[PDB]
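Here is what each chain is made of, one letter per residue.
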Number of protein chains: 2
Amino acid sequence: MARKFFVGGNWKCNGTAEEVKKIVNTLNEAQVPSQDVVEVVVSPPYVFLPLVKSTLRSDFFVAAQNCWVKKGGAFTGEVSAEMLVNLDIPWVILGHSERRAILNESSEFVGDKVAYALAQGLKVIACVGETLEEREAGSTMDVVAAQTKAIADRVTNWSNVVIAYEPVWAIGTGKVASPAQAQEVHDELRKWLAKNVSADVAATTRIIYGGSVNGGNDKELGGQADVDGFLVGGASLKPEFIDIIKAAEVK
Amino acid sequence: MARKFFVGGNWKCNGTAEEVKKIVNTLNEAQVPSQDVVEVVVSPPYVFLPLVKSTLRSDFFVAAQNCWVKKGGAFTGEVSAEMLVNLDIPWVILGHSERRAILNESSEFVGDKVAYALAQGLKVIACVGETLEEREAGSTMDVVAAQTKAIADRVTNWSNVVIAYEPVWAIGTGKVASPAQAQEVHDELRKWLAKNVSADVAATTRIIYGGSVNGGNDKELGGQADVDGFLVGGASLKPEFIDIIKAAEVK
Ligand code: NA
Ligand code: NA
């Protein structure tokens, strides 16, 4: 069966109560493809998770932007997976490029987080991706495979995992990634999954594109054979996010 | 004028919606010394900040357990100081020992956070403290002074700062800190402030004790000349927190 298209919206470290209410109302009024065609997840900052979950349309789902690596306790400032489950938040983003680079999250730390979140029943958007220096050194797939392997070594069931490929090399660097360049990475990553996990896991796991997505490239990216959707950044705060969801429709 | 006694409760990475409602109700029913005698701050995880702020008695105040180092934006998983201001959360804990050690927050990173939070109007509980290895090497005041200096170099107004000394050496190590040992550190730290900032800042800044505080030591600690209150850990989730607040009363 064909993989269901997946559109996640990562709000990042943005939002006020007033803006969140406007964003949620615009999402609630949106008219998008059916639940059989597209799965939509939105990811507010921690402090807005209860507000968004309480007010968002029930056919769109909520994700935290991170969670802690293990059971809660004496970890000042952290939010545990079981807290998210208590608040009925079904998804979490883990290993985002900004946390790997700025907050120095290692590939093994990310892998441990994925395993713990899955064990607590959360669904996970697990992020991977290489920098410009890594790409220009010829290391794109070496890096992406190593990041993915640290997760795969700790995952026994991929049902509740979506992989997001972030072309960090093409985010704020002056380089523009083409749909063909996205497809090349997604294809090679899926082939890696087939060999290192199983053919079935490769065929069924969504691999979503986490680069710049907009009206000029969303249909072109979404129609690539190994691109199963998007992890959207700044447009996720804006009405433009709705048009990105609509790219799931192929009439 | 005498420094107003200060009792903060750090819930750490603990809580469910049901438990938070019970904790808040118990605080709301508590009968404690007047606002002229004691200032009380409670610190839930990010996901419970709106719930606690909306339901807690108006004479107790709410703190976040951390915030980001600068303006928000592309910092997946982080919560900015301006978000906390938008949600009417007046306080933040910064530099907690667990974030310095487990999350590798450097002294300069903590200092930058303190400065940014203060600039956005937040009040700050700024935490310092030495490990057992540091203490046994003779480095207690070297470490505490260096941590404090990184903050002081970035602070021009201390009005909205409270310093918390955490005896990390006596937390989970088999060593028990005495009230005299707490007083020694607090006195030396205040003397450092007098020389490196000003006599007025030393005389007016609360320095609270962040070790183990309970019915067996709270009056003894609180009565020390240079101990101005407590940053409480696990008891902050429990009715025992109320008896700790009551230690502010010296009849
Ligand atoms: Na596709
Ligand atoms: Na005292």
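Cut-offs applied
- As drawn, each chain counts its residues from 1 in written sequence order, possibly unlike the entry's numbers, and residues without coordinates are not displayed.
- Going through the entries in the order they are written, you letter the chains from A and number the ligands from 1.
- Calculated side-chain values reflect all of the structure's heavy atoms, with hydrogen atoms and water omitted.
- Residues with missing side-chain atoms are left out of burial classes, side-chain pairs and their counts.
- UniProt positions are given in the numbering used here, feature names are shortened, and annotations may be inferred rather than shown by experiment.
- The fit that places the copies together is a least-squares one on their C-alpha atoms.
- Pairs of residues are marked as contacts when any of their non-hydrogen atoms sit within 4.5 Å.
- Any N, O or S atom lying within 2.8 Å of the metal counts as a donor, with the limit raised to 3.2 Å for Na, K and Ca; because water is left out of the atom set, some sites can appear incomplete.
- Think of it in three bands: residues with accessible area under 20% of the maximum for their type are buried, residues over 50% are exposed, and the middle band is partly exposed, with areas taken using a 1.4 Å probe on protein chains only.
- Each helix corresponds to a stretch of at least 4 residues labelled H or I by DSSP, and each strand to a stretch of at least 2 residues labelled E; elements are numbered beginning at the N terminus.
- By definition, the buried area sums, over both parts, the 1.4 Å-probe accessible area that each loses when the two are put together.
- By salt bridge we mean one thing: a side-chain nitrogen of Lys or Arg within 4 Å of a carboxyl oxygen of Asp or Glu.
- Two N or O atoms form a polar contact when they lie within 3.5 Å of each other; inside protein one atom must be a possible hydrogen donor and the other a possible acceptor, and for residues adjacent in sequence the pair counts only when both atoms belong to side chains.
- Any residue outside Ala, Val, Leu, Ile, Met, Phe, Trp, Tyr, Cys, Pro, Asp, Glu, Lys and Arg is labelled polar, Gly included; the first ten of those are nonpolar and the last four are charged.
- The aromatic pairing rule takes the rings of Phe, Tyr and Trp, using the six-membered ring of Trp, and pairs them if the centres are within 6.5 Å, calling planes under 30 degrees apart stacked, those over 60 edge-to-face and the rest tilted.
- Either the NZ atom of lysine or the CZ atom of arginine qualifies as a charge over a ring when it sits within 6 Å of the ring centre and within 35 degrees of the ring normal.
- What a helix should span is 1.5 Å times the count of its residues minus one.
- For the charge count, each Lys or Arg is scored as positive and each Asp or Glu as negative, with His and the chain ends excluded.

Method of structure determination, per the deposited record: X-ray crystallography was used for this entry, reaching 1.0500 Å resolution.

The name the PDB entry gives chain A is Triosephosphate isomerase, cytosolic, with Arabidopsis thaliana as the organism. Looking at the Subunit heading of the UniProt record, one finds this comment for chain A: "Homodimer."

Here the focus is the relation of the copies chain A and chain B. The two copies are related by a screw motion: chain A maps onto chain B through a turn of 180° and a shift of 0.0 Å along the axis, at an RMSD of 0.0 Å. Overall, the copies show the geometry of a two-fold rotation axis. When C-alpha distances to the rotation axis are compared across chain A, the minimum falls at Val47(A), with a value of 2.4 Å. The residues that chain A uses at the interface reappear at the interface of chain B in 100% of cases, marking a shared surface.

Time to look at the coordination of the sodium ion (ligand 2). All names here are of chain B. The coordination sphere of the sodium ion (ligand 2) contains the protein donors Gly 222 (O), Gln 224 (O) and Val 227 (O), at a distance range of 2.3 to 2.4 Å. All donors of the sodium ion (ligand 2) belong to a single chain; written as a sequence motif, their spacing is G-x1-Q-x2-V. On the basis of relative accessible area, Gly 222 is assigned to the buried category, the value being 17%.

This part is about the coordination of the sodium ion (ligand 1). Protein coordination at the sodium ion (ligand 1) comes from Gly222(A) (O), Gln224(A) (O) and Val227(A) (O), with a distance range of 2.3 to 2.4 Å. The motif formed by the donor residues of the sodium ion (ligand 1), counted along the single chain, is G-x1-Q-x2-V.

Backbone geometry places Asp88(B), a non-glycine residue, at a positive phi of 65°. Looking at the element boundaries, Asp88(B) is found in the loop between α3 (81-86) and β4 (91-94).

Turning our eyes to something else, we now look at the interface of chain A and chain B. Interfaces are frequently sized by the accessible area removed from exposure as the parts join. Opposite the 34 residues of chain A that make contact, chain B presents 34 residues. Both faces combined, the contact of chain A with chain B buries some 2900 Å², and carbon together with sulfur accounts for 64% of it. The partner of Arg99(A) in a salt bridge is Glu78(B), and the shortest N-O contact between them spans 2.9 Å. Between the two partners, chain A and chain B, sit 20 residue pairs in polar contact. For the side of chain A that touches chain B, the elements supplying multiple residues, two or more each, are α1 (17-28), α2 (49-55), α3 (81-86) and α4 (97-101) of chain A. Along the lines of polarity and charge, the residues of the side of chain A that touches chain B split into 16 nonpolar, 13 polar and five charged.

Applying the stated rule across the entire model yields nine aromatic pairs over all chains. With a centroid separation of 5.3 Å and an interplanar angle of 80°, the aromatic rings of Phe5(B) and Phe230(B) are classed as edge-to-face. Placement of the pair is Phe5(B) in strand β1 (residues 5-10) and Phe230(B) in strand β8 (residues 229-232), with a sequence separation of 225 residues. The pair formed by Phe5(B) and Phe230(B) is uniform in burial state, with each residue classed as buried. Judged by centre distance (6.0 Å) and plane angle (70°), the ring pair of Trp68(B) and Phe109(B) falls under edge-to-face. With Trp68(B) in the loop between β3 (61-64) and α3 and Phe109(B) in helix α5 (residues 107-119), this residue pair connects regions lying 41 residues apart in the sequence. Feature note: the residues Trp68(A), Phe75(A) and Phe109(A) constitute an aromatic cluster, connected by ring pairs. It is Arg57(A) that lies over the ring of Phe60(A); its NZ or CZ is 4.1 Å from the centre. Against the face of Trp169(A) rests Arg135(A), its NZ or CZ located 3.9 Å from the ring centre.

To continue, consider helix α7 (residues 140-152) of chain A. Residue and element names in this part refer to chain A. Along its 13 residues, α7 runs 18 Å from first to last C-alpha, staying within 8% of the 18 Å computed at 1.5 Å per residue. For α7, the complete set of buried residues consists of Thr 140, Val 143, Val 144, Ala 145, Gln 147, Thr 148, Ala 150, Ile 151 and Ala 152. Along its buried surface, α7 packs onto α4, α5 (107-119), β5 (123-128), α6 (132-136), β6 (161-165) and α8 (179-196).

Following the UniProt record, the feature "binding site: substrate" maps to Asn10(A) and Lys12(A) here. Here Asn10(A) shows up in strand β1 (residues 5-10). With a relative accessible area of 1%, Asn10(A) lands in the buried category. Filtering out sequence-adjacent residues up to four positions away, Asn10(A) remains in contact with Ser43(A), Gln65(A), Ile93(A), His96(A), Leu231(A), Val232(A), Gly233(A), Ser236(A) and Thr76(B). Within the secondary structure layout, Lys12(A) lies in the loop between β1 and α1. Those residues within four positions of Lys12(A) in sequence are excluded, and the remaining contacts are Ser43(A), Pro45(A), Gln65(A), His96(A), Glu98(A), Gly233(A), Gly73(B), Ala74(B), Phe75(B) and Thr76(B).

Residues and elements named next belong to chain B. Its place among the elements puts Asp 218 in helix α10 (residues 218-222). There is no salt bridge for the buried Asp 218, and the closest opposite charge comes from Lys 246, which lies 11 Å off by N-O distance. Aside from chain neighbours lying at most four places away, what touches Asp 218 is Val 213, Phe 230, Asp 243, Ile 244 and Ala 247.

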